[PDB]
Each structure stands twice: as structure tokens, then as C-alpha cells.
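Chemist: got a sequence here, can you build the structure:
(2 chains, ligands or ions: 1)
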Amino acid sequence: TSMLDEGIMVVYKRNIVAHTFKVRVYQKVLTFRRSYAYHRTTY
Amino acid sequence: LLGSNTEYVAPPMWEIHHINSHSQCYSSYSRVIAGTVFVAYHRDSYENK
Ligand SMILES: *[C@@H]1O[C@H](CO)[C@@H](O)[C@H](O)[C@H]1NC(C)=O
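Modeler: Numbers count the residues shown, from 1 in each chain, chains lettered A, B, ... in the order given. You can find the structure just below:
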């Protein structure tokens, strides 16, 4: 007593590259130096 | 008790050369900003030991 579909395949990832976008940051920088004064040698 | 600024500063190159050829630093920092030079000493009124 003697005695399989075929096709075309496209595979896809889950994508992991996190989304970039630029951001504008507005801010001010106040700096306070302080000094002493005697003769000609500022401390 | 009042404030406490503390700033971290690079020595001058002549001093770098001193440091690593003698194992010692000078007890004074000096930096010029705008016109005049400014200067700090270790304990107050100290010299440049
Ligand atoms: C301390 O001494 C060094 C060399 O002896 C000198 O270059 C420096 O200007 C001095 N700092 C002072 C006098 O404040």
C-alpha cells in the first residue's frame, strides 16, 4: 500500500529605535563673584 | 552660621610642574579676571609658603 502551500513572505520587526525630537530650553545664568580691596591686592 | 561657596580650580602650569616634581603646592591661588588679579590665601593673612 503506497502513498505544502507555496508563497511569498515578508517579515517585520517590533522596532525599538526610540523617537528623537529636539527641545528648546530657555534659561538665565546669574553669577555672583565677590571681592575685597586693600592697597593693590584684590582678595 | 552663613553661606559657603566652594569652587574647584585648576592650578597654573608652573605650579603643576612644582607639584609633581616636589610633592607640594603653594598656599595661594591667583587668577586674573577682567583687569586686576585676585588672590586667595590658606589660613587668613598667610604668606605664600
Ligand atoms: C607664590 O609663589 C610663586 C612662586 O614662588 C609665585 O609665582 C606666585 O605668584 C606667588 N603668589 C603670590 C605672591 O600670591
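Chemist: can you tell me how far the residue lying closest to residue A:33 once chain neighbours are set aside is from residue A:16?
Modeler: Closest residue in space to residue A:33, ignoring its immediate chain neighbours: residue B:33 at 7.4 Å, by C-beta to C-beta, 6 or more residues apart in numbering or on different chains. Every C-beta, even on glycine, is put in place using the N, C-alpha and C of the backbone. Using C-beta to C-beta, to the nearest Å, one obtains 49 Å as the distance from residue B:33 to residue A:16.
Chemist: swap in residue B:3?
Modeler: 48 Å.
Chemist: tally of neighbours for residue 14?
Modeler: I'll assume chain A. 4 (other C-beta atoms under 10 Å in any protein chain shown).
Chemist: that's the other chain; I wanted chain B
Modeler: 9.
Chemist: so what's the residue nearest in space to the middle of chain B bridging to?
Modeler: By C-alpha atoms, centre = their mean, the mean C-alpha position of chain B lies nearest to residue B:29, the distance being 1.6 Å. For residue B:29, the residues forming beta bridges with it (DSSP bridges) are residue B:40.
Chemist: which ones are touching it?
Modeler: Contacts for residue B:29 (C-beta atoms under 8 Å, 6 or more residues apart in numbering or on different chains) come out as B:9, B:11, B:39, B:40.
Chemist: residue B:33 and residue A:16: which is more packed in?
Modeler: residue B:33 (10 against 5).
Chemist: gap between that one and the ligand?
Modeler: 15 Å (C-beta to the nearest ligand atom, to the nearest Å).
Chemist: next one: residue A:34
Modeler: Residue A:34 is 19 Å from the ligand, by C-beta to the nearest ligand atom.
Chemist: report how many residues lie close to that residue.
Modeler: Neighbours of residue A:34 under the rule other C-beta under 10 Å: 6.
Chemist: thanks a lot, catch you later.
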